[PDB]
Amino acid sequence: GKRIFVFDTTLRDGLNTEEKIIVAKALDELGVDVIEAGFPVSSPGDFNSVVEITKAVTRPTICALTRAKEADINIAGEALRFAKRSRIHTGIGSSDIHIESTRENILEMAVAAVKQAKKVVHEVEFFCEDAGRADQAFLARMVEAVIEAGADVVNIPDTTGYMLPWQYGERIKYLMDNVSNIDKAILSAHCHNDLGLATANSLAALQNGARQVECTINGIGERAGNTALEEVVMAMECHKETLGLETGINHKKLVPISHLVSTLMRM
């Protein structure tokens, strides 16, 4: 079967500097592939908690979030420095709405961000913010560019959280069929649940070529929350025969580990 990777972002949705380790461990044991440890540039405490995650947990690859700015990327690099398998996670707008202040040209100031990041960590995931509302041909150009720049994973979010399944699905497929190099890189889904269609949307992206799903336990999150890790994963498992995807998740420990995080973070 085709392996689909799970990128849990549930730690950035609230915890002291050891309850985060306990949660991150629970996540490691549940079988997530990438767990986002934090936002290192914000404060010494977040930096310190990120390096602390990279010492306690090492099987899954540890990710840190940072703005598309050389200064931040390098600091993020200092914090992930002890990670067995590290990864930075950055991005910049792709919608005309967003771009408007640059020019669709100067936006390629993303490539610079990627190379900068590849020089300081193992993997790099660049996300195209507001991807759902970007000129498709243009986003195609931005994905190709970021991949060429070296990005390992390019994220295509439904930032508004208002897209219908087949739509988001057609968006992924379009990139699959129009990026001249998506073969050497994993596209990732990221659907907010504003219309309550995040699980259905993430699965739609998976059925079209996306090989990574961004989610959080109980879909916890800002506004109407993100994709529910438990739902996407459990849904996939039920229709393996039809779908043909594997998650490395340890389904049994799914409920209790879910109960742990949701009760520790006090959800």
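One rule holds for the numbers: they count along the sequence shown, beginning at 1.
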Are residue 244 and residue 245 truly consecutive in the deposited sequence, or are residues between them missing coordinates? Give the number as none, 1 to 3, 4 to 9, or 10 or more. none
Where residue 100 meets residue 101 in the shown sequence, the number of deposited residues left unmodelled: 4 to 9
Averaging the C-alpha B factors as listed in the entry, name the stretch that ends up higher: 84-92 or 107-115. 107-115
Identify the stretch, either 37-45 or 236-244, whose C-alpha atoms have the larger mean B-factor according to the entry. 236-244
Looking at 59, 223, 211, 67, which has the biggest Cα B factor in the entry? 223
Between 182, 189, 149, 120, which one tops the list for Cα B-factor in this entry? 182
On the chain's distribution of Cα B-factors, residue 142 falls within the third called highest
State the tercile, meaning the lowest, middle or highest third, of residue 257 with respect to the CA B-factors recorded for its chain. highest
Where the record places residue 74 (Cα B-factor, split into thirds across the chain): lowest
What third of the chain, by the recorded C-alpha B-factor, contains residue 22? middle
How does residue 170 rank on Cα B-factor within its chain, lowest, middle or highest third? middle
